[PDB]
Amino acid sequence: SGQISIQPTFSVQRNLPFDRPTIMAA
Amino acid sequence: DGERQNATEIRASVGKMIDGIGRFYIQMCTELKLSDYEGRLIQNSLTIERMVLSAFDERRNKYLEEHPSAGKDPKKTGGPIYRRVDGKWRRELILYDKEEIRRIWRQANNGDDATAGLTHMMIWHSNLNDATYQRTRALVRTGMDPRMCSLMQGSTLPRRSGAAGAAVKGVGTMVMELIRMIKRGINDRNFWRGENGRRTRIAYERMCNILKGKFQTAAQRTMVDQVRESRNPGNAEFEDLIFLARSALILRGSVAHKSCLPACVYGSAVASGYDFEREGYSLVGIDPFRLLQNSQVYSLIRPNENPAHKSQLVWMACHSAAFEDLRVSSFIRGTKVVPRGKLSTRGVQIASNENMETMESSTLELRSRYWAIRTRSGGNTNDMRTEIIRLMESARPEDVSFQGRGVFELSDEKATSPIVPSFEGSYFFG
Amino acid sequence: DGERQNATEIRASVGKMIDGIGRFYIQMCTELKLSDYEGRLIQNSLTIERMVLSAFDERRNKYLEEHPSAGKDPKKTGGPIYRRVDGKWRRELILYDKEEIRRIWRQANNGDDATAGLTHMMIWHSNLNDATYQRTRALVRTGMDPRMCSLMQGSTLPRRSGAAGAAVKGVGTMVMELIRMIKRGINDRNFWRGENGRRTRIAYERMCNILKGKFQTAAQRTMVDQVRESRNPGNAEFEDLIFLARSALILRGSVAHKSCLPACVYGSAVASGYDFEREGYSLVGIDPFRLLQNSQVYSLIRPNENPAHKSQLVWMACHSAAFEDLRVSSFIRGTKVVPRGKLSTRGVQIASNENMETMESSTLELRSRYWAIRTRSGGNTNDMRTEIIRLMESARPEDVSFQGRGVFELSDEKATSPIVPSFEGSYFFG
Amino acid sequence: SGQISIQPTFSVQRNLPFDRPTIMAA
Amino acid sequence: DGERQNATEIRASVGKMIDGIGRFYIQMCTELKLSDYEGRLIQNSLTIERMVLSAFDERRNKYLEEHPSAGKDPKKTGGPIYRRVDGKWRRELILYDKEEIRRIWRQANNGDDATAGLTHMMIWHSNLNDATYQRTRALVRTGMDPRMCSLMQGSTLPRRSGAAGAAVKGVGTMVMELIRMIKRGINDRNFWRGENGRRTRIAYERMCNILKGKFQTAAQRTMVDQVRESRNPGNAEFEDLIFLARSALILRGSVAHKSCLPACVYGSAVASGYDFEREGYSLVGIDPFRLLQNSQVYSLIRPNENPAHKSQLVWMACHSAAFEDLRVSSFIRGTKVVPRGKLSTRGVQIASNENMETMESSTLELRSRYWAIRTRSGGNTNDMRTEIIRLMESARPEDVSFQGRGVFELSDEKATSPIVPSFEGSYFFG
Amino acid sequence: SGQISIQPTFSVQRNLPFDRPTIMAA
Amino acid sequence: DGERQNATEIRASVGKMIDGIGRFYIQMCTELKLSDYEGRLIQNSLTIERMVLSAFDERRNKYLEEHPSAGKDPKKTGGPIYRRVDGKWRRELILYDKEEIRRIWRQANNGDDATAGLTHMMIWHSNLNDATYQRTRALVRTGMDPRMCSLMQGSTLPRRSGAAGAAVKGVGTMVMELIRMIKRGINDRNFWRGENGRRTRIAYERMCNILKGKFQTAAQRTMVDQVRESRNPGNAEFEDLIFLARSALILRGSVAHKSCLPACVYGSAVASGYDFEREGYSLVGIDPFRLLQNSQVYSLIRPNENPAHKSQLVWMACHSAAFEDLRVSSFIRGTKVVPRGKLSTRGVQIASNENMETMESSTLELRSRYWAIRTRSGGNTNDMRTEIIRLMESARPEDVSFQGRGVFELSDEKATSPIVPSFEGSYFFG
Amino acid sequence: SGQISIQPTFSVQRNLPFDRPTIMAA
Amino acid sequence: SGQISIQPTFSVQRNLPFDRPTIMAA
Amino acid sequence: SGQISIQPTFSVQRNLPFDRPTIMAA
RNA sequence: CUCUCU
RNA sequence: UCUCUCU
RNA sequence: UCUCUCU
RNA sequence: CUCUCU
RNA sequence: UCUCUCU
RNA sequence: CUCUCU
RNA sequence: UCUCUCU
RNA sequence: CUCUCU
RNA sequence: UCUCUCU
RNA sequence: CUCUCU
RNA sequence: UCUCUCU
RNA sequence: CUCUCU
């Protein structure tokens, strides 16, 4: 396993990624 | 906008705390007889910070007083000190009085305890620990899966931290404390009752209320309120808290992010004549970035190790970018950031069982091309369990949070013109 | 030490009250035509005491006047009287005027009401009831657990008792009254308000202040103060009062303990020529023990019952040792004290539905090897709920209260040399 | 259940006993 | 024993209520023009009782006022009245003003509302319903198994009953109300919140507290307290309440048992000149048994039905012996009691769709050889779920509760000599 | 099914019967 | 109707305050050397108002004196000033003495402090802030949900406002202050006690009494009284206050609404020769509407921004219609009012980090077709928690408050003929 | 979320709207 | 709410009415 | 508990001590 | 929730 | 005065 | 020289 | 609670 | 002498 | 999961 | 004509 | 809080 | 003018 | 928890 | 102003 | 479970 999504620290426009093939299913 | 007076007062207060920390480090360096090179070592600054933290730990001091240690007196502290003669580094252990350290700290702060500086040092240590090591063992031991590590920000912060420490720590650490409480409650029945029962109940109250305020959307807020309502929580709301931390990966709470620099940088700044009382300071503004821009810090480098990787680790620890997106971190720093997987460096601390014959000193490249304002938000998100689950379904890998909020050039001290980044690996612990 | 005059005045006052009680009992015995044996019956003395108490109950008298009873006039009183002819006991009911009883009481006290004697008789009755019966039904009905019975001292004392009655009654009885008030308040909303609202509020004030003064340590005192502060108390402070009574088992309050002898002993002492006005008296001194030492009291014994157990029950009721440690009680009395579990005797009172053909009379062995001074303290104890809980944690089954304070020989009338006891069952209601 | 701790009446040195297996737990 | 005044006051109050009920029934019989035989019909007395109950039902009256019925005005009441001319019974419907019934009730009680009489009549109706019909459909509908029916005492009592109605009703009825609340809570989410949320929460509080006081042993008391603690109870504590009612079959709570006679008996007693104000009364004493001993009541008998079985049903309803042991009930009555299975009789009420040509009238044999005092206890019983389960394991079919407490002869009005019964079928609904 | 154990109404010494073959098992 | 003298006196007083404000603005414009166009800028008037407010802030002045700022003296004030030469706008910072500003204010008011004008300016600033920005962060931080924003009227008013400021601020702001007090009380135990304890207790008293007077119906008034009664309030009455603010959305309190125009309009009116001392004034009458009808105000317009939206925002801020119904606001103004969601404009204030090269000036269309009298009521509304909940149930989306009270034509200066509106989006912050 | 009910400023006859699907339920 | 009890102006025999369901309770 | 602050009897310069951890909080 | 520790 | 990226 | 039944 | 800051 | 619509 | 019982 | 440091 | 009801 | 150790 | 509605 | 022992 | 939607 490992780190998955994100922890927004800086106020910059972005697209916070997540890994659905495992997070959505649980 | 009547906050300008309040904002100026807060800036003056944080500048005063930073100035006190810097002058205290200068006093400690002067009394401990280290040269300019030795005083700029990050290991020595970390040792001094541990000196202060252990000196002022009231509960630990009482514990050591009334249970004495084995061959280690409860009256004095120790810490690794590295000094250079003939060009070679060696480690020697110094013994300093806790009372003397406390007196120096009080004198350096105009006779004031100044717990704000202590909390700032603790937050810096916690950020370093988060950026250096993974505590997956504590995650698995308490029952939470090792799968999530983003919420573990500030998991190493002790309970003695004030409201700032509670605000800066992530949702995962609060959940970890809650599950530790629940595990201790399942262990024995005489809990929730008695004299200790009232104290543990109000502790649960306060920690659940700070988790209450940490969260963002209404459904998960209602869920944490309901699990709070339980008088004697157990296994079902054990899984409820597991799910609540689980939902934070998709709808995150508001976790504060601060730039807690090491005491070495503050000491060098004060030695240069900078007075933060008049100029002010801001843990989320340009001031820490500018301070790191014109400051030099040296660190001990182990054999067959990359100074660039250690400098990147130190920079991320300083700016609390351990869980920050790799792309935005590289854009802000200006150099592509190496995730923890291929970091060819161990921790910054040097263990006792190490050889003082193969270590070298290198400058830390704590310079960033861009600077940005740290945000305490979580990101745009726009029975209650099903409602919370339905919210995760909507999220698509394209929602743009902080719309119109870019990075700024170092010369842009007031942030006139944001820079829009255009977007590989994206996870530090991946 | 300027109290010697005050102590002598109090001794003279209590001696005067005791002398008045004794002469009143002598008058009642003379007018009711009982022999020396019949006049020394504890049942007859209890009947006379109930005569006086019912005669002077102003609220009960008014209630009976303005709501008449069924076939029982509100003007006269009754009570069981046992007389012996041909060696056999029988019970007959006498009818005496409340006005006549009141006139006799006033005449026996030099034309003074002397409510002190009435309060003393009420306290003796309450001590007998506490040493004889368990009111666990009242405990369970009001919501308090039946688990605690030590604090129920003086639970049968009516509200007409003065400050002495409030001081002698335990913490549990005050808590029981408080919970009865709270239950009546949850029953209806028109409470705390109106003309009756002011009176019930000042009643709550006074009873909460006497509980205020009853307690010992600062944290529980602060807790009772705070639950007092509530204008319209309810369920949360319902549980607060439950906890406050709950904490009294570990950190007890100061509950007065007095030696309230039956009117038979005082009457016999006065008939012997003893004048308590000059010699003085003390409800906590040697005087009641010495009076019981040289006094004889006879009691009715039911079939297949042990006179020794009834004598022990009467002795404990007299000395208010119902909740006293079994070991110290046995040491003071000189004979091992049987707890209530294996007491092979019913109550001293004989019910109306009883046969006057199988009852025998036996002497009560109210003689004790040692005598001790009664203490009004609670014992050494050295949010606020957690602080109170933490205090219970410290207590260990070895703390020695009343250090250096032992028992004294009957010949040791001034307590020169205390005797240190060396230490099985220890709970009367266990 | 039953009586638990003690109600000190006489001024004698003693060790006031309590039954923790149930009082401390509540 | 200072309760004698309190006991006498309670006896006077209950005697006054009984006298008011009797005089009210006499007034109703006088105004409705029924002969001595017609006035002694239990059906007519039940109709009059329903008259009073429907007249004073404030919520039902308001409901009928503001939602009018179909062809039935909300201003008047009706009820079956049976009268005899030429020896033959017929039923005719009378129309009487609710205001007139209320005025008659107030006048018969010296201008006092006297809700005690209304509650007594409601309890009599509930006892009759419990002794006549089984509400297994309501048990199965709410989720509880039909297996237990002992705890369903007073399940037909409406909410308008005071504290006496709550005390007399069994644990099963309280659990049924709790599960109805839980079902209504699972139905919609807007519950527990809003203006109605506060009222339903305090209703849950009060009903859970009366169930709190109903129970006997500490573990199940703690369990009901914990299920109370839940702010928003659901399915898990749904099963918790199912288990709590389930455990009541083995460790029962304290359920009051009262002798609520029909208004016919009280009316006949008052017509005979008996004044209960002076003589007093007691719902658990000998007084109801003696009143039934010298009272005659006639009832309508359906074709091919046994008058003895109907008399036994009426007697058990009067004495609330619906769930009482068959052997002890037969011993007290002196005639072997037929369980409900082989009772060859329908309900005492006669439906509208019945023929007024094949019905006969028979005297009810409400005479008992022995009389006993009703007990409000549950019987000797001497995580927490496992502890409760372990308690059921200990019970053996030989534990003797109420040791030394027997039955008494009717001539033994004060219960001098109890009679020990020596001990077939034992369950009424078996 | 049917009625199982008992509902003590009168204060008489007795042996309150229950039917274990079904009550204990659940 | 003896108020005519009182009403005329109040009109004269408010007219005198308005005249003083206008002459003060004229003096400031004359001394600061701005043309007619520059003097009519709303930004310049706002800067002058901040000048006055910062000059007279006694607590802030003392704070700055005894804690000096960083590079900013505590003796002088600053503010953005915009001037036009060659047609182009630029911002320059002026430095003026606090003493000089105070002297000018005193001279412009005939040597009188005239705190009424200061309070009026503060209320105008608060109305502008409420109509411009949403403080949902302060709502979520203190624990109240962000769901309600109608009650947040006057949340930015500092404590130095007099009784008028307390009356004009909404229920939500008072609740926010109460919860801030409660949070500070849960933080530390040494509160409610000591010298500061008395002051904070009387502050709680006064603020709870003004909330007492703010509310409308009796049940919620009783609730606020009871939460006041608590000596040391905590978490339960924390939720009680949350519910009390929660109930204000359905049964609102009486919140005053005033037309606080900017100092620019008053200065222009005084420059035109209007004397409000003789003609009088009324913050709820036609006078502010008529004054805005014949007054011209210019504002700075940011690039790609709509002047109409900024004019609508300024108009709503002037008339305190931030939370007013969209339909009635559009009917009164005569132009359909755009809610905050699609307002294509930022705040009226121009930040320091802004370019002085792309800004244009436009006239503010502060003209309304209709005028109406502001009402300080809340609307028709016709345990106590359940009673309050039941009240919310009754409300239906058709109750017509202010029956017969319409709007009036500008020519209808005395309101002879009201106009009945006939009734899309209806919420500004929706 | 957003603004819900109303804050009556002007004395005009109206029908003060509220959004029950969320306010009544809490 | 509204007017509750009475203000005796004329000297006429009467039964001065009050509304207890709310006055007595407060 | 015990004695807390001081009762100045002699006219000598001193620093009158108090125990804030309990006196200030009440 | 970009600029203010708590 | 101890330490470790990743059960 | 004003006015309004009913937060 | 339409016309009156507090 | 600061600022921001909408965790 | 190398150095710390639980 | 009494006495006790510290509920 | 051993010797004094309150 | 009543009474009962221990739901 | 046998004798007292609540 | 209705009623039914036992899904 | 014959008379009552849920």
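So the sequences go chain by chain: A, B, C, D, E, F, G, H, I and J. If you're matching positions, the first sequence starts at 403 in the authors' numbering and goes up one per residue. As numbered in the authors' numbering, residues 16 to 397, 439 to 479, 484 to 490 make up the second sequence, in order. As numbered in the authors' numbering, residues 16 to 397, 439 to 479, 484 to 490 make up the third sequence, in order. If you're matching positions, the fourth sequence starts at 403 in the authors' numbering and goes up one per residue. As numbered in the authors' numbering, residues 16 to 397, 439 to 479, 484 to 490 make up the fifth sequence, in order. If you're matching positions, the sixth sequence starts at 403 in the authors' numbering and goes up one per residue. As numbered in the authors' numbering, residues 16 to 397, 439 to 479, 484 to 490 make up the seventh sequence, in order. If you're matching positions, the eighth sequence starts at 403 in the authors' numbering and goes up one per residue. If you're matching positions, the ninth sequence starts at 403 in the authors' numbering and goes up one per residue. If you're matching positions, the tenth sequence starts at 403 in the authors' numbering and goes up one per residue. Quick reminder that beta carbons are idealized off the backbone N, C-alpha and C, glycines included.
Bridge-paired residues (DSSP) for residue i
i: residue 386 of chain G; result: G:464
i: residue 92 of chain C; result: C:111
Buried or exposed by the 16-neighbour rule on C-beta atoms within 10 Å, applied to residue i
i: residue 178 of chain B; result: exposed
i: residue 260 of chain B; result: buried
i: residue 45 of chain C; result: exposed
i: residue 421 of chain J; result: exposed
i: residue 366 of chain G; result: exposed
i: residue 34 of chain B; result: buried
For residue j and residue i, believed in contact at Cβ under 8 Å, the rounded distance
i: residue 27 of chain B; j: residue 82 of chain G; result: 7 Å
i: residue 464 of chain B; j: residue 342 of chain B; result: At roughly 18 Å, the Cβ-Cβ gap does not stay under 8 Å, so residue 464 of chain B and residue 342 of chain B are not in contact.
i: residue 326 of chain E; j: residue 284 of chain E; result: Actually they do not touch by this definition, with Cβ atoms about 19 Å apart.
Evaluate contact between the stretch 179-196 of chain G and the stretch 260-272 of chain G, counting only Cβ atoms and requiring at least three cross-stretch pairs below 8 Å. Between the stretch 179-196 of chain G and the stretch 260-272 of chain G there are three or more inter-stretch CB-CB distances shorter than 8 Å, so the stretches are counted as touching.
Three or more C-beta pairs under 8 Å: does that hold for the stretch 100-112 of chain C against the stretch 131-147 of chain C? The stretch 100-112 of chain C is not in contact with the stretch 131-147 of chain C.
The stretch 271-287 of chain G / the stretch 139-154 of chain G touching (three or more Cβ pairs under 8 Å): As far as the Cβ criterion goes, the stretch 271-287 of chain G touches the stretch 139-154 of chain G, which means the pair count is three or higher.
If we count Cβ pairs, one from each stretch, closer than 8 Å, do we get three or more for the stretch 304-314 of chain B versus the stretch 369-384 of chain B? Segments in contact, yes.
Contact between the stretch 403-416 of chain F and the stretch 87-96 of chain G is defined here as three or more beta-carbon pairs at a separation below 8 Å; is this criterion met? Fewer than three beta-carbon pairs drawn from the stretch 403-416 of chain F and the stretch 87-96 of chain G are found closer than 8 Å, and the two stretches are therefore not classed as touching.
Contact between the stretch 223-236 of chain E and the stretch 156-174 of chain E is defined here as three or more beta-carbon pairs at a separation below 8 Å; is this criterion met? No, the stretch 223-236 of chain E does not touch the stretch 156-174 of chain E.
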